[PDB]
Trainee: 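Would you mind keeping the following structure in view while I ask a few things?
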Amino acid sequence: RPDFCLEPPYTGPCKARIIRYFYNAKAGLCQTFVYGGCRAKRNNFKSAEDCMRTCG
Amino acid sequence: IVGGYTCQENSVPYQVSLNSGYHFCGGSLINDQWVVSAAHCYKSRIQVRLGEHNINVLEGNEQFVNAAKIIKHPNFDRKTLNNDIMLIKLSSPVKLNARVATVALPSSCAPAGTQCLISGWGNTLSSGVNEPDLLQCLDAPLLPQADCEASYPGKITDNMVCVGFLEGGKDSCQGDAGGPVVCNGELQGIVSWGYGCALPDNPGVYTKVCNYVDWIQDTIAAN
Ligand SMILES: [Ca+2]
């Protein structure tokens, strides 16, 4: 699978509280984390489906 | 808010919560129909909650009002976070009382060393996650621009100001964005960004409100 899928979730420097999905390689599944609101990395999805399709 | 304390119930009447299903940002009421927040808190649909203390329990003093217009600063930069400010016009004027009040716009730019009050319902831990039910408060000073630039080499613009402590321990965090930094009764800053939370040598960075008073007033008078 793509390399960015193996990277840990990146909250970013912004301080909003936005729930996003990321692929957790360790558990082999997509879960949620708190995204700050800016400068997102690729392992950041607005839905579980998009996450599973891209990183599954 | 990391390292702060629970605010006295309704001692921060100008604080509001931005909600789109759940609390995601803070804001400040500047007049009966307008709220100021951070541009990165932008959402197409937003409900403003005022008179809040315990964000998860219906207390009876709250007012729920939908946003009618959302206006971000035209020069906001999603990458550098320069001009991180946004105005929200409410669908209808709110009722002003002891629990819901406005905060004044700055008369001038406050000097470094000025003690301020920061508030919000954001994360309370530097490592891990703990979202509080009750509004948190933090007393912190405006830092010299030189120390701000030293902490964030080449990332600070004239529209930003650092507030907090270089030793870390106390700071704003995720969930606090858009919130108020009030000094001597005036809104001098808006919670914006930072590297991590309460980390040494990385105090929070805030939007310097005094540079936008005219834009705010002109925007409100035109909409
Ligand atoms: Ca409540």
Side-chain angles (χ1 to χ4, degrees), chain A, chain B residues 1-2 17-27 37-49 55-56 64 66-67 70 72 76-84 86 88 120-133 136 152 154-155 168 171-179 191-199 202 204-205:
Chain A
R1 78 193 79 244
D3 72 318
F4 61 76
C5 294
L6 307 179
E7 293 297 296
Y10 183 69
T11 291
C14 288
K15 296 181 176 178
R17 194 258 191 190
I18 301 170
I19 302 181
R20 289 294 178 77
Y21 288 96
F22 77 107
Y23 184 73
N24 187 331
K26 184 179 179 181
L29 180 58
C30 291
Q31 309 179 309
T32 59
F33 74 107
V34 177
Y35 170 52
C38 70
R39 298 169 67 60
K41 287 183 177 179
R42 290 174 291 181
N43 191 12
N44 180 318
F45 308 84
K46 286 184 174 57
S47 68
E49 21 289 304
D50 272 66
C51 178
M52 291 301 288
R53 177 177 66 69
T54 302
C55 291
Chain B
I1 303 294
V2 180
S17 164
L18 264 41
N19 186 299
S20 193
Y22 57 80
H23 167 85
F24 69 93
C25 275
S37 186
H40 78 264
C41 286
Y42 172 77
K43 227 91 162 185
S44 57
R45 284 186 287 281
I46 302 179
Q47 178 182 67
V48 183
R49 298 186 176 187
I55 210 70
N56 296 306
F64 294 57
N66 274 30
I70 310 298
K72 295 192 296 181
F76 171 59
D77 189 304
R78 298 165 182 275
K79 183 179 180 182
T80 69
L81 300 170
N82 188 37
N83 304 119
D84 193 9
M86 167 178 86
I88 296 172
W121 285 277
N123 186 13
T124 62
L125 298 175
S126 175
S127 186
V129 175
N130 187 174
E131 277 154 36
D133 290 313
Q136 299 295 293
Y152 298 86
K155 304 291 183 179
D171 198 0
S172 51
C173 203
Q174 282 65 51
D176 292 317
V191 181
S192 187
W193 63 281
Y195 298 156
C197 302
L199 301 182
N202 283 100
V205 184

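Chain letters run A, B, ... following the sequence lines, proteins first, then strands; residues in each count from 1. All values below come from the heavy atoms of this structure, side chains included, with hydrogens, waters and symmetry mates left out.
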Trainee: Examine the side chains of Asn56(B) and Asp133(B) and answer whether a donor and an acceptor come within less than 3.5 Å of each other.
Mentor: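 Indeed, the side chains of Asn56(B) and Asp133(B) share at least one donor-acceptor pair under 3.5 Å.
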Trainee: Looking at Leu18(B) and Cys41(B), what are the two nearest heavy atoms and their distance?
Mentor: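 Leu18(B) and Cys41(B) have their closest heavy atoms at CD2-CB, 4.4 Å.
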Trainee: Between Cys173(B) and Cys197(B), is the SG gap short of 2.5 Å?
Mentor: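 Yes, disulfide present: SG-SG under 2.5 Å.
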Trainee: How long is the span from the OG atom in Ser126(B) to the CG atom in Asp171(B), to the nearest 0.5 Å?
Mentor: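 Atom-to-atom, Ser126(B):OG and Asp171(B):CG are 8.5 Å apart.
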Trainee: Nearest 0.5 Å, what's the NZ-CG distance between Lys79(B) and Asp77(B)?
Mentor: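 So the gap between those two atoms works out to 8.5 Å.
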Trainee: Would you indicate whether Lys72(B), at its atom NZ, is surrounded by more than 12 heavy atoms from other residues, nucleotides or ligands within a distance under 6.0 Å?
Mentor: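 Check passes, neighbour count above 12.
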Trainee: Which residues pass the side chain to side chain contact (heavy atoms under 4.5 Å, CB included) test with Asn130(B), sequence neighbours left out?
Mentor: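 Expected list: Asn123(B), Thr124(B), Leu125(B).
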Trainee: Give the intermediate values and the outcome of side-chain contact (heavy atoms from CB on, under 4.5 Å) for residues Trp193(B) and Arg39(A).
Mentor: CA-CA 11 Å; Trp193(B) 63 281; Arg39(A) 298 169 67 60; over 6 Å; no
Trainee: Begin from the C-alpha positions of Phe24(B) and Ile19(A) and carry the test side-chain contact (heavy atoms from CB on, under 4.5 Å) through to its verdict.
Mentor: CA-CA 9 Å; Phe24(B) 69 93; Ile19(A) 302 181; over 6 Å; no
Trainee: Has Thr11(A) got a side-chain atom pairing as donor or acceptor with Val34(A)'s backbone, closer than 3.5 angstrom?
Mentor: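 Yes, because the side chain of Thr11(A) sits within donor-acceptor range (under 3.5 Å) of the backbone of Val34(A).
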Trainee: Show your reasoning for whether side-chain contact (heavy atoms from CB on, under 4.5 Å) applies to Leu6(A) and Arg1(A).
Mentor: CA-CA 9 Å; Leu6(A) 307 179; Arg1(A) 78 193 79 244; 4.0 Å; yes
Trainee: Supply the atom-to-atom distance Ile18(A) CD1 to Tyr22(B) OH, rounded to the nearest 0.5 angstrom.
Mentor: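 It is 6.5 Å, given to the nearest 0.5 Å.
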Trainee: First locate atom OG1 of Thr54(A), then atom OH of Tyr21(A), and finally report the distance between them rounded to the nearest 0.5 Å.
Mentor: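 It comes to 14.5 Å.
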Trainee: Can you tell me how far apart SG (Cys55(A)) and CZ (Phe22(A)) are? Round to the nearest 0.5 Å.
Mentor: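 It comes to 10.5 Å.
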Trainee: Judged by atom type as modelled, is there a donor-acceptor pair below 3.5 Å linking the side chain of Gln31(A) to the main-chain atoms of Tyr23(A)?
Mentor: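 No.
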Trainee: What distance do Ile88(B) atom CD1 and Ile70(B) atom CD1 have between them, rounded to the nearest 0.5 Å?
Mentor: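 Answer for the CD1-CD1 pair, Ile88(B) versus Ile70(B), is 4.5 Å.
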Trainee: Keeping the roles fixed (side chain from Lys15(A), backbone from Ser172(B)), state whether a donor-acceptor pair exists under 3.5 Å.
Mentor: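 Confirmed, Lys15(A) side chain pairs with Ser172(B) backbone.
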Trainee: Using the test ring pair (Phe, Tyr, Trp, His ring centres under 6.0 Å), find all partners of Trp121(B) that sit at least two apart in sequence or belong to another chain.
Mentor: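 If we apply the ring pair (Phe, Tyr, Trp, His ring centres under 6.0 Å) test to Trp121(B), skipping adjacent residues, the hits are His23(B).
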Trainee: I'd like to know if the side chain of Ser37(B) reaches the main chain of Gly26(B), judged simply by a donor and an acceptor atom lying under 3.5 Å from each other, with no hydrogens or angles considered.
Mentor: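 Yes: the side chain of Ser37(B) pairs with the backbone of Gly26(B).
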Trainee: Has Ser20(B) got a side-chain atom pairing as donor or acceptor with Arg45(B)'s backbone, closer than 3.5 angstrom?
Mentor: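 Side chain of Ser20(B) to backbone of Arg45(B): a pair is present.
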Trainee: Can you establish whether the number of heavy atoms outside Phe45(A) located under 6.0 Å from its atom CZ is more than 12?
Mentor: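 Result for CZ/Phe45(A): enclosed.
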Trainee: Pick from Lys46(A), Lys41(A), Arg20(A): which one makes a side chain to side chain contact (heavy atoms under 4.5 Å, CB included) with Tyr35(A)?
Mentor: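 Going through the options one by one, the only one that passes is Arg20(A).
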Trainee: Side chain of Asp84(B), backbone of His40(B): donor and acceptor closer than 3.5 Å?
Mentor: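 Yes; judged by distance alone, with no hydrogens or angles, the pair exists.
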